[PDB]
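One file, coords-v6.pdb, carrying PDB, C-alpha atoms:
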```
ATOM      1  CA  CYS A   1      82.454 108.721  15.670
ATOM      2  CA  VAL A   2      82.039 109.741  19.316
ATOM      3  CA  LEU A   3      81.672 106.064  20.240
ATOM      4  CA  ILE A   4      85.041 105.175  18.717
ATOM      5  CA  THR A   5      86.606 108.330  20.170
ATOM      6  CA  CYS A   6      85.496 107.458  23.702
ATOM      7  CA  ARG A   7      86.703 103.892  23.181
ATOM      8  CA  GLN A   8      90.193 105.120  22.261
ATOM      9  CA  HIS A   9      90.297 106.972  25.584
ATOM     10  CA  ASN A  10      88.436 104.030  27.215
ATOM     11  CA  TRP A  11      85.830 106.471  28.496
ATOM     12  CA  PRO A  12      82.829 104.417  29.674
ATOM     13  CA  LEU A  13      79.681 104.614  27.567
ATOM     14  CA  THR A  14      77.030 102.329  26.097
ATOM     15  CA  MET A  15      75.100 102.251  22.841
ATOM     16  CA  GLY A  16      71.685 102.941  24.353
ATOM     17  CA  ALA A  17      72.712 106.230  25.953
ATOM     18  CA  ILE A  18      73.883 107.525  22.566
ATOM     19  CA  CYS A  19      71.009 106.144  20.503
ATOM     20  CA  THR A  20      68.343 107.627  22.783
ATOM     21  CA  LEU A  21      69.246 110.988  21.191
ATOM     22  CA  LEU A  22      69.812 110.375  17.465
ATOM     23  CA  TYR A  23      66.388 108.873  16.607
ATOM     24  CA  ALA A  24      68.471 105.783  15.867
ATOM     25  CA  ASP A  25      67.532 102.120  15.451
ATOM     26  CA  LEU A  26      69.670  99.086  16.225
ATOM     27  CA  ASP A  27      69.884  97.823  12.645
ATOM     28  CA  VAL A  28      70.558 101.289  11.212
ATOM     29  CA  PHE A  29      73.411 102.399  13.439
ATOM     30  CA  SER A  30      74.918  98.930  13.960
ATOM     31  CA  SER A  31      75.161  98.405  10.193
ATOM     32  CA  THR A  32      76.538 101.920   9.751
ATOM     33  CA  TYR A  33      79.127 101.219  12.468
ATOM     34  CA  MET A  34      80.259  98.007  10.802
ATOM     35  CA  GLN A  35      80.443  99.776   7.443
ATOM     36  CA  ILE A  36      82.534 102.682   8.748
ATOM     37  CA  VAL A  37      84.922 100.546  10.795
ATOM     38  CA  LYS A  38      85.573  98.078   7.979
ATOM     39  CA  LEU A  39      85.853 100.938   5.465
ATOM     40  CA  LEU A  40      88.480 102.845   7.457
ATOM     41  CA  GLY A  41      90.115  99.780   9.019
ATOM     42  CA  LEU A  42      90.586 101.572  12.337
ATOM     43  CA  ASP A  43      91.620  99.721  15.479
ATOM     44  CA  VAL A  44      89.507 100.284  18.587
ATOM     45  CA  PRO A  45      89.379  98.609  22.037
ATOM     46  CA  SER A  46      86.441  96.611  23.340
ATOM     47  CA  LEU A  47      84.217  97.393  26.320
ATOM     48  CA  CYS A  48      86.275  96.263  29.299
ATOM     49  CA  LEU A  49      84.108  94.480  31.851
ATOM     50  CA  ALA A  50      85.278  96.465  34.887
ATOM     51  CA  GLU A  51      85.325  99.725  32.908
ATOM     52  CA  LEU A  52      81.540 100.142  32.860
ATOM     53  CA  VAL A  53      80.694  98.955  36.384
ATOM     54  CA  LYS A  54      82.466 101.903  38.022
ATOM     55  CA  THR A  55      80.104 104.464  36.499
ATOM     56  CA  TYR A  56      77.136 102.073  36.465
ATOM     57  CA  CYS A  57      77.217 101.208  40.173
ATOM     58  CA  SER A  58      77.675 104.875  41.099
ATOM     59  CA  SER A  59      74.334 105.578  39.373
ATOM     60  CA  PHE A  60      72.355 103.728  42.061
TER      61      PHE A  60
ATOM     62  CA  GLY B   1      63.291 108.661  31.453
ATOM     63  CA  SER B   2      66.543 107.328  32.886
ATOM     64  CA  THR B   3      70.095 106.715  31.711
ATOM     65  CA  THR B   4      69.574 102.942  32.101
ATOM     66  CA  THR B   5      67.945 102.612  28.674
ATOM     67  CA  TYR B   6      68.185  98.856  28.197
ATOM     68  CA  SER B   7      68.496  97.720  24.578
ATOM     69  CA  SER B   8      67.845  94.262  23.143
ATOM     70  CA  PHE B   9      66.708  92.730  19.879
ATOM     71  CA  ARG B  10      62.932  93.057  19.439
ATOM     72  CA  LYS B  11      62.385  91.920  15.835
ATOM     73  CA  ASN B  12      61.126  88.619  17.300
ATOM     74  CA  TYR B  13      57.640  89.957  17.954
ATOM     75  CA  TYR B  14      54.737  87.817  19.165
ATOM     76  CA  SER B  15      52.985  86.400  16.106
ATOM     77  CA  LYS B  16      49.820  84.335  16.372
ATOM     78  CA  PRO B  17      50.660  80.599  16.518
ATOM     79  CA  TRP B  18      49.695  78.521  13.499
ATOM     80  CA  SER B  19      46.584  76.378  13.903
ATOM     81  CA  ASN B  20      46.477  72.673  13.085
ATOM     82  CA  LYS B  21      43.489  73.009  10.758
ATOM     83  CA  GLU B  22      45.234  76.066   9.323
ATOM     84  CA  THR B  23      48.256  73.854   8.602
ATOM     85  CA  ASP B  24      45.994  71.269   6.962
ATOM     86  CA  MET B  25      44.515  74.050   4.826
ATOM     87  CA  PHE B  26      48.035  75.204   3.928
ATOM     88  CA  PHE B  27      48.830  71.693   2.703
ATOM     89  CA  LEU B  28      45.527  71.639   0.807
ATOM     90  CA  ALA B  29      46.489  74.913  -0.889
ATOM     91  CA  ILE B  30      49.895  73.442  -1.744
ATOM     92  CA  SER B  31      47.996  70.592  -3.389
ATOM     93  CA  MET B  32      45.502  72.853  -5.149
ATOM     94  CA  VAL B  33      47.491  76.065  -5.791
ATOM     95  CA  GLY B  34      51.181  75.219  -5.566
ATOM     96  CA  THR B  35      54.037  77.136  -3.913
ATOM     97  CA  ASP B  36      52.936  80.629  -5.040
ATOM     98  CA  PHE B  37      53.328  82.198  -1.602
ATOM     99  CA  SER B  38      51.894  85.515  -2.829
ATOM    100  CA  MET B  39      48.626  83.969  -3.994
ATOM    101  CA  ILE B  40      48.584  81.865  -0.816
ATOM    102  CA  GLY B  41      48.969  85.079   1.172
ATOM    103  CA  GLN B  42      45.933  86.414  -0.660
ATOM    104  CA  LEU B  43      44.105  83.163   0.125
ATOM    105  CA  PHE B  44      45.199  83.503   3.761
ATOM    106  CA  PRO B  45      44.589  87.218   4.439
ATOM    107  CA  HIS B  46      45.506  86.545   8.073
ATOM    108  CA  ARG B  47      48.983  85.489   6.886
ATOM    109  CA  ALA B  48      51.264  87.722   4.844
ATOM    110  CA  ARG B  49      53.595  86.310   2.204
ATOM    111  CA  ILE B  50      56.606  86.263   4.538
ATOM    112  CA  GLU B  51      54.616  84.131   6.994
ATOM    113  CA  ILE B  52      53.861  81.758   4.113
ATOM    114  CA  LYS B  53      57.567  81.502   3.291
ATOM    115  CA  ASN B  54      58.348  80.898   6.971
ATOM    116  CA  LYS B  55      55.701  78.162   7.094
ATOM    117  CA  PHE B  56      57.272  76.522   4.042
ATOM    118  CA  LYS B  57      60.729  76.690   5.624
ATOM    119  CA  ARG B  58      59.552  75.231   8.939
ATOM    120  CA  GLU B  59      57.480  72.450   7.359
ATOM    121  CA  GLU B  60      60.218  71.368   4.941
ATOM    122  CA  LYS B  61      62.509  70.532   7.879
ATOM    123  CA  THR B  62      60.594  67.295   8.547
ATOM    124  CA  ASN B  63      57.287  67.425   6.625
ATOM    125  CA  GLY B  64      58.799  67.864   3.159
ATOM    126  CA  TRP B  65      57.378  64.438   2.364
ATOM    127  CA  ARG B  66      53.947  65.840   3.211
ATOM    128  CA  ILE B  67      54.665  68.869   1.020
ATOM    129  CA  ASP B  68      55.318  66.523  -1.903
ATOM    130  CA  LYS B  69      52.328  64.302  -1.092
ATOM    131  CA  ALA B  70      50.033  67.336  -1.000
ATOM    132  CA  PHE B  71      51.552  68.820  -4.161
ATOM    133  CA  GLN B  72      50.772  65.570  -5.990
ATOM    134  CA  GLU B  73      47.233  65.472  -4.513
ATOM    135  CA  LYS B  74      46.141  68.039  -7.070
ATOM    136  CA  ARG B  75      42.635  69.528  -7.067
ATOM    137  CA  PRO B  76      40.680  72.121  -9.071
ATOM    138  CA  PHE B  77      41.361  75.653  -7.832
ATOM    139  CA  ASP B  78      38.604  78.010  -6.681
ATOM    140  CA  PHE B  79      39.264  81.054  -4.497
ATOM    141  CA  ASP B  80      35.681  81.296  -3.227
ATOM    142  CA  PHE B  81      35.541  77.618  -2.257
ATOM    143  CA  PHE B  82      38.830  77.922  -0.372
ATOM    144  CA  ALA B  83      37.589  80.992   1.510
ATOM    145  CA  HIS B  84      34.326  79.285   2.471
ATOM    146  CA  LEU B  85      36.207  76.179   3.602
ATOM    147  CA  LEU B  86      38.602  78.255   5.708
ATOM    148  CA  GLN B  87      35.899  80.235   7.506
ATOM    149  CA  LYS B  88      33.553  77.258   7.932
ATOM    150  CA  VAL B  89      36.254  74.974   9.336
ATOM    151  CA  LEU B  90      37.519  77.664  11.714
ATOM    152  CA  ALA B  91      33.973  78.325  12.950
ATOM    153  CA  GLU B  92      33.462  74.584  13.433
ATOM    154  CA  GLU B  93      36.733  74.455  15.381
ATOM    155  CA  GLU B  94      35.473  77.232  17.654
ATOM    156  CA  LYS B  95      32.128  75.473  18.141
ATOM    157  CA  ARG B  96      33.843  72.162  18.928
ATOM    158  CA  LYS B  97      36.116  73.992  21.381
TER     159      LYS B  97
ATOM    160  CA  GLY C   1      96.573  67.393   9.814
ATOM    161  CA  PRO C   2      93.401  68.574  11.552
ATOM    162  CA  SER C   3      91.757  66.940  14.557
ATOM    163  CA  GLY C   4      89.970  64.266  12.534
ATOM    164  CA  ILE C   5      87.321  66.554  11.006
ATOM    165  CA  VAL C   6      87.022  68.435   7.708
ATOM    166  CA  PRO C   7      84.314  71.092   7.224
ATOM    167  CA  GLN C   8      80.822  70.248   6.062
ATOM    168  CA  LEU C   9      79.253  72.323   3.279
ATOM    169  CA  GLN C  10      76.126  74.293   4.195
ATOM    170  CA  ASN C  11      74.936  76.096   1.062
ATOM    171  CA  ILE C  12      75.782  76.702  -2.589
ATOM    172  CA  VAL C  13      75.138  79.670  -4.922
ATOM    173  CA  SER C  14      75.494  79.591  -8.704
ATOM    174  CA  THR C  15      74.479  81.528 -11.809
ATOM    175  CA  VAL C  16      73.376  80.482 -15.294
ATOM    176  CA  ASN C  17      72.009  82.371 -18.299
ATOM    177  CA  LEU C  18      69.060  80.872 -20.169
ATOM    178  CA  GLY C  19      70.085  82.543 -23.438
ATOM    179  CA  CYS C  20      66.722  84.127 -24.264
ATOM    180  CA  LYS C  21      64.333  86.812 -23.075
ATOM    181  CA  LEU C  22      61.458  85.590 -20.920
ATOM    182  CA  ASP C  23      57.942  86.806 -20.143
ATOM    183  CA  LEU C  24      57.942  86.576 -16.354
ATOM    184  CA  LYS C  25      54.160  86.981 -16.184
ATOM    185  CA  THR C  26      53.694  83.870 -18.332
ATOM    186  CA  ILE C  27      56.153  81.909 -16.181
ATOM    187  CA  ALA C  28      54.409  82.956 -12.964
ATOM    188  CA  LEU C  29      50.945  82.101 -14.299
ATOM    189  CA  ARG C  30      51.779  78.599 -15.548
ATOM    190  CA  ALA C  31      54.467  77.415 -13.096
ATOM    191  CA  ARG C  32      53.077  75.544 -10.091
ATOM    192  CA  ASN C  33      56.397  76.004  -8.274
ATOM    193  CA  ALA C  34      56.922  79.730  -8.921
ATOM    194  CA  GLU C  35      56.106  83.062  -7.297
ATOM    195  CA  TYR C  36      56.338  86.501  -8.889
ATOM    196  CA  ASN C  37      55.433  90.120  -8.110
ATOM    197  CA  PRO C  38      55.477  91.946 -11.465
ATOM    198  CA  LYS C  39      54.651  95.285  -9.818
ATOM    199  CA  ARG C  40      57.740  95.110  -7.575
ATOM    200  CA  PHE C  41      60.505  92.911  -8.990
ATOM    201  CA  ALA C  42      62.134  91.935 -12.287
ATOM    202  CA  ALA C  43      62.663  88.217 -11.560
ATOM    203  CA  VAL C  44      60.518  85.197 -10.719
ATOM    204  CA  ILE C  45      61.243  82.828  -7.827
ATOM    205  CA  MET C  46      60.778  79.073  -8.205
ATOM    206  CA  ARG C  47      61.413  75.995  -6.079
ATOM    207  CA  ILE C  48      62.090  72.301  -6.622
ATOM    208  CA  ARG C  49      62.145  69.546  -4.021
ATOM    209  CA  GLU C  50      65.074  67.480  -5.335
ATOM    210  CA  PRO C  51      67.750  68.832  -5.372
ATOM    211  CA  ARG C  52      65.953  70.960  -2.762
ATOM    212  CA  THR C  53      66.797  74.414  -4.109
ATOM    213  CA  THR C  54      65.360  77.632  -5.524
ATOM    214  CA  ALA C  55      66.105  79.714  -8.612
ATOM    215  CA  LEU C  56      65.746  83.449  -9.259
ATOM    216  CA  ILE C  57      65.114  84.023 -12.976
ATOM    217  CA  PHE C  58      65.316  87.562 -14.341
ATOM    218  CA  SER C  59      63.411  88.864 -17.349
ATOM    219  CA  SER C  60      66.787  89.600 -18.972
ATOM    220  CA  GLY C  61      67.658  85.883 -18.866
ATOM    221  CA  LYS C  62      69.980  85.855 -15.850
ATOM    222  CA  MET C  63      69.492  83.347 -13.047
ATOM    223  CA  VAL C  64      70.671  82.802  -9.468
ATOM    224  CA  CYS C  65      70.326  79.382  -7.827
ATOM    225  CA  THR C  66      70.690  78.608  -4.135
ATOM    226  CA  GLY C  67      70.234  75.918  -1.509
ATOM    227  CA  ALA C  68      72.312  73.064  -2.935
ATOM    228  CA  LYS C  69      74.817  71.161  -0.803
ATOM    229  CA  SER C  70      77.366  70.714  -3.612
ATOM    230  CA  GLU C  71      78.405  72.203  -6.934
ATOM    231  CA  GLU C  72      77.052  69.185  -8.824
ATOM    232  CA  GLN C  73      73.760  69.357  -6.916
ATOM    233  CA  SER C  74      73.455  73.048  -7.807
ATOM    234  CA  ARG C  75      74.247  72.265 -11.450
ATOM    235  CA  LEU C  76      71.596  69.526 -11.516
ATOM    236  CA  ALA C  77      69.062  71.926  -9.998
ATOM    237  CA  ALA C  78      69.962  74.571 -12.587
ATOM    238  CA  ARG C  79      69.463  72.043 -15.385
ATOM    239  CA  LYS C  80      66.066  71.129 -13.930
ATOM    240  CA  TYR C  81      65.089  74.814 -13.877
ATOM    241  CA  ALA C  82      66.263  75.149 -17.482
ATOM    242  CA  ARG C  83      64.027  72.219 -18.422
ATOM    243  CA  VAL C  84      61.158  73.901 -16.557
ATOM    244  CA  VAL C  85      61.609  77.041 -18.655
ATOM    245  CA  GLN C  86      61.880  74.947 -21.829
ATOM    246  CA  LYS C  87      58.506  73.276 -21.273
ATOM    247  CA  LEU C  88      56.978  76.706 -20.624
ATOM    248  CA  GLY C  89      57.684  77.326 -24.328
ATOM    249  CA  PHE C  90      60.692  79.639 -24.230
ATOM    250  CA  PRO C  91      63.916  78.620 -26.066
ATOM    251  CA  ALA C  92      65.813  78.312 -22.787
ATOM    252  CA  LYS C  93      69.242  76.687 -22.904
ATOM    253  CA  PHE C  94      71.910  75.703 -20.374
ATOM    254  CA  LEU C  95      74.958  77.933 -20.902
ATOM    255  CA  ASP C  96      77.794  79.403 -18.829
ATOM    256  CA  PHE C  97      76.914  77.791 -15.500
ATOM    257  CA  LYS C  98      79.152  79.207 -12.765
ATOM    258  CA  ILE C  99      79.344  78.452  -9.053
ATOM    259  CA  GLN C 100      79.518  81.776  -7.225
ATOM    260  CA  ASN C 101      79.505  80.954  -3.507
ATOM    261  CA  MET C 102      80.031  78.137  -1.016
ATOM    262  CA  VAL C 103      79.427  77.828   2.720
ATOM    263  CA  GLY C 104      80.812  75.329   5.208
ATOM    264  CA  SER C 105      81.166  74.633   8.909
ATOM    265  CA  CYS C 106      83.132  72.512  11.369
ATOM    266  CA  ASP C 107      83.675  71.898  15.081
ATOM    267  CA  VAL C 108      86.888  71.300  17.041
ATOM    268  CA  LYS C 109      85.400  69.576  20.136
ATOM    269  CA  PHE C 110      86.833  72.140  22.564
ATOM    270  CA  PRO C 111      85.736  75.669  23.526
ATOM    271  CA  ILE C 112      87.586  78.771  22.354
ATOM    272  CA  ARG C 113      87.815  82.069  24.248
ATOM    273  CA  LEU C 114      87.107  84.670  21.569
ATOM    274  CA  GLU C 115      88.700  87.507  23.552
ATOM    275  CA  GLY C 116      92.187  86.114  22.981
ATOM    276  CA  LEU C 117      91.485  85.803  19.261
ATOM    277  CA  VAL C 118      90.351  89.421  18.986
ATOM    278  CA  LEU C 119      93.228  90.657  21.173
ATOM    279  CA  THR C 120      95.825  88.813  19.055
ATOM    280  CA  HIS C 121      94.292  89.116  15.552
ATOM    281  CA  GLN C 122      92.847  92.631  15.672
ATOM    282  CA  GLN C 123      93.529  93.224  11.973
ATOM    283  CA  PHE C 124      91.276  90.251  11.100
ATOM    284  CA  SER C 125      89.063  89.796  14.178
ATOM    285  CA  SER C 126      85.752  91.458  15.039
ATOM    286  CA  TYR C 127      84.075  90.688  18.371
ATOM    287  CA  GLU C 128      80.943  92.661  19.323
ATOM    288  CA  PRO C 129      78.724  90.328  21.380
ATOM    289  CA  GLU C 130      76.317  93.204  22.035
ATOM    290  CA  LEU C 131      75.781  93.170  18.245
ATOM    291  CA  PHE C 132      76.353  89.503  17.362
ATOM    292  CA  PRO C 133      77.729  86.858  19.768
ATOM    293  CA  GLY C 134      80.108  85.203  17.316
ATOM    294  CA  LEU C 135      83.593  86.393  16.428
ATOM    295  CA  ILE C 136      84.304  87.230  12.780
ATOM    296  CA  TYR C 137      87.719  86.536  11.240
ATOM    297  CA  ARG C 138      88.724  88.153   7.933
ATOM    298  CA  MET C 139      91.160  85.663   6.409
ATOM    299  CA  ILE C 140      93.245  86.785   3.434
ATOM    300  CA  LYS C 141      94.357  83.375   2.108
ATOM    301  CA  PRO C 142      92.111  81.995   0.682
ATOM    302  CA  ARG C 143      89.610  84.878   0.317
ATOM    303  CA  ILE C 144      87.393  83.452   3.056
ATOM    304  CA  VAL C 145      85.553  84.826   6.083
ATOM    305  CA  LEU C 146      85.282  82.590   9.146
ATOM    306  CA  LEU C 147      82.626  82.983  11.838
ATOM    307  CA  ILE C 148      83.783  81.586  15.179
ATOM    308  CA  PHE C 149      81.809  80.709  18.309
ATOM    309  CA  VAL C 150      82.790  80.032  21.913
ATOM    310  CA  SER C 151      81.438  76.487  21.482
ATOM    311  CA  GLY C 152      84.310  75.652  19.118
ATOM    312  CA  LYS C 153      82.004  75.758  16.090
ATOM    313  CA  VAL C 154      83.141  77.610  12.973
ATOM    314  CA  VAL C 155      81.453  78.654   9.730
ATOM    315  CA  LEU C 156      83.153  79.527   6.442
ATOM    316  CA  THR C 157      81.939  81.651   3.538
ATOM    317  CA  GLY C 158      83.040  83.258   0.289
ATOM    318  CA  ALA C 159      84.596  80.267  -1.475
ATOM    319  CA  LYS C 160      84.268  79.694  -5.196
ATOM    320  CA  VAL C 161      85.549  76.113  -4.776
ATOM    321  CA  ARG C 162      85.702  73.545  -1.989
ATOM    322  CA  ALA C 163      89.498  73.646  -1.876
ATOM    323  CA  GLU C 164      89.164  77.221  -0.615
ATOM    324  CA  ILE C 165      86.929  76.131   2.278
ATOM    325  CA  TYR C 166      89.249  73.311   3.307
ATOM    326  CA  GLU C 167      92.401  75.415   2.891
ATOM    327  CA  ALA C 168      90.792  78.036   5.132
ATOM    328  CA  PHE C 169      89.988  75.303   7.658
ATOM    329  CA  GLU C 170      93.544  73.948   7.688
ATOM    330  CA  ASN C 171      94.912  77.504   7.907
ATOM    331  CA  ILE C 172      92.722  78.437  10.884
ATOM    332  CA  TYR C 173      93.382  75.124  12.673
ATOM    333  CA  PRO C 174      96.918  75.994  13.916
ATOM    334  CA  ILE C 175      95.699  79.386  15.161
ATOM    335  CA  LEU C 176      92.743  78.097  17.179
ATOM    336  CA  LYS C 177      94.999  75.280  18.412
ATOM    337  CA  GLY C 178      96.941  77.872  20.425
TER     338      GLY C 178
END
```

Would you give me this structure, written as structure tokens?
Amino acid sequence: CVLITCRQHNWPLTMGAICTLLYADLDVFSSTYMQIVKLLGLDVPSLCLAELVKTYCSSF
Amino acid sequence: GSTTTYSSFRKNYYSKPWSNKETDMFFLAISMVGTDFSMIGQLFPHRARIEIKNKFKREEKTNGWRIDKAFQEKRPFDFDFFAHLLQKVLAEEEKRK
Amino acid sequence: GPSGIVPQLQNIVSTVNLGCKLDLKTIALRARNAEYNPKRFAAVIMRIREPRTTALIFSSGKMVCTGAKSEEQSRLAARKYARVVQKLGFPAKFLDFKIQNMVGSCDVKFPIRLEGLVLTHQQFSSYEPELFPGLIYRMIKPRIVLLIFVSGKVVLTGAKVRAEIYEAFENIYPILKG
């Protein structure tokens, strides 16, 4: 839910940062994501290439 | 710990490569057992049933003719004989190597 | 018309009912080409080399066959499985064969940038390369799902009949032509 929320406001974030907290596994949460999105039919942007570099490069 | 927690698909773990004499023994079991991958997995305790299915899938790509030829080269079935053959041939492979 | 190519068929799925109750333990014991786990599952799995396919036979008499390249190949495989059950002693019979699924693929000989597809067909397009490289297109006519790759290769799924696969191909052609 927070992933899609941040995407609507194009706030940079990546899966790994979230999943480090939830005791999550790639199959589990990826399948759950597909299920929820196709259940609710919600539109959501993609990860823009330049969106993530700004925060990523500043982390060095 | 750092925020740069890289994530990639790891289900492709390192499994032990299949030996040539092990493949010959797999074909022999096909001849002498059949395609019961569970009982083959018991015969090959080193290999679980999913590895047996994967071996079938890989071999049938080109060596399906050998699968059929083995399956028609039927033989009496004995678990103890197969176990002795497996261990003896592997030990002889080690000694030759 | 398309660019000189019509999709190949990858896989087939079909169902038949043998018409009688079966002892799966007996089938597993006597069938060279079968595997069963009575402690875990209610159906036996068997294989034949021509048509190269497999069948999943349930104790309740239901069956699922897979691996054929065509509906007739799947039907021939199902008949061979029915004969296998017959010689095992059960009164198996070939009734109510039905093709349930069909898979195909094709290539257009030119690359496609998936980002445009997702940005113009949001309501049908999914594109998560961090999850799976290929783009997924939910087509509504016919009831087919197309899997698209940057290489220009496409896969089709969900058809009951071949006409659905080829109608999906000819419907997606003018879109990817853009």

Checklist line | Given the PyMOL selection byres ((chain C) within 12 of (chain B)), the residues it picks as an MDAnalysis selection string | finding: chainID C and resid 27:38 44:50 52:54 67 129:132

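Every residue of chain B that lies within 12 Å of chain A is listed here, counting only C-alpha atoms: residues 1, 2, 3, 4, 5, 6, 7, 8, 9, 10 and 11 of chain B.
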
For stretch 34-133 of chain C versus stretch 36-55 of chain A, which residues have an atom no more than 10 Å away, and what is each residue's nearest atom pair and distance in Å rounded to one decimal, using only C-alpha atoms, chain-then-number order, as a tab-separated table?
```
residue	atom	partner	partner_atom	distance
C:115	CA	A:46	CA	9.4
C:118	CA	A:46	CA	9.3
C:119	CA	A:45	CA	8.9
C:122	CA	A:43	CA	7.2
C:123	CA	A:43	CA	7.6
C:124	CA	A:41	CA	9.8
C:126	CA	A:38	CA	9.7
C:127	CA	A:46	CA	8.1
C:128	CA	A:46	CA	7.9
C:130	CA	A:47	CA	9.9
```

### Task
Write out as a count of residues only the residues lying within 8 Å of stretch 5-21 of chain C, counting all atoms listed in the file and excluding same-chain residues fewer than 3 positions away.
40

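For residue B:89, the residues within 9 Å (counting only C-alpha atoms, excluding itself and residues fewer than 5 positions away along the chain) are residues 21, 84 and 94 of chain B.
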
Next item on the list: One decimal, Å: what's the distance from atom CA of residue C:55 over to atom CA of residue C:164, could you say?
Entry: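 These two atoms are separated by 24.5 Å.
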
Check which residues satisfy the PyMOL selection byres ((chain C and resi 144-146) around 8) in the file shown, then give them as JSON, numbers by chain. {"C": [136, 137, 138, 139, 140, 141, 142, 143, 147, 148, 154, 155, 156, 157, 158, 159, 164, 165, 168]}
